[PDB]
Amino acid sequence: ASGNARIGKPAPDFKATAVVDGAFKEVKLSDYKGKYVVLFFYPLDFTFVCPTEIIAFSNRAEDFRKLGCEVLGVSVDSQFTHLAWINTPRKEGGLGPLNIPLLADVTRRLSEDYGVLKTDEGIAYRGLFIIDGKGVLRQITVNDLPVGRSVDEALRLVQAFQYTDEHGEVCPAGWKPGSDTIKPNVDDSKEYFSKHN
């Protein structure tokens, strides 16, 4: 309804200062050519749902990396606030040491380009975007602010997109690694349907 995030088209380009390994660094979409990217927006540092999503993705960061997928978090806060929050203990609502980059969208350019800026408050909705290794947007998930996202579902979707890319079959509702897939033509699809009904 706003922005440039269109499924099946080049994901909107982005460039931002990020906190990586406790220091500041530039991060560009072009750095991830050939890898999947999970780009997740959250509204505000030092709030409530947001730490739980950042910590859960960070904790699972290596599961995504094994599949060749990089997880990036972003909010409109600055890298200085991000680092203050990292340097805050998890028992006190902080992030502690982090295993994924935290990008600063201080100009709001990323949130606008991805169509997730809550304009009346100046903060990003809980938008998550899956981008494949060719740079194409494959998936858009946007939650209203009071409800966190699911790292498990994000991982399922990355796995499913990579599987369909690699084999040319399509993934049924609720597919997980090991589940049956469907050959996408009228005749061959009957192998799946005869078995599952």
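All residue numbers are counted from 1 along the displayed sequence.
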For this session: Check whether residue 65 goes without coordinates in at least a third of the other compared PDB entries of this protein that model residues on both sides of it.
Result: no
For this session: Go through the other compared entries with residues on either side of residue 148 and state whether a third or more give it no coordinates.
Result: yes
For this session: Check the entry's C-alpha temperature factors for 149-157 and 60-68, then say which stretch has the higher mean.
Result: 60-68
Seminar exercise, completed: Looking only at C-alpha temperature factors in the entry, 82-90 or 120-128, the higher average sits in 82-90
For this session: Compare the CA B factors listed in the entry for 53, 144, 26, 45 and report the winner.
Result: 26
Seminar exercise, completed: For residue 97, the third of its chain by CA B-factor is the highest
For this session: Name the third of the chain's ranked CA B-factors that contains residue 172, choosing lowest, middle or highest.
Result: lowest
Exercise. Can you tell me which third, lowest, middle or highest, the CA B-factor of residue 139 falls into for its chain?
Worked result: lowest
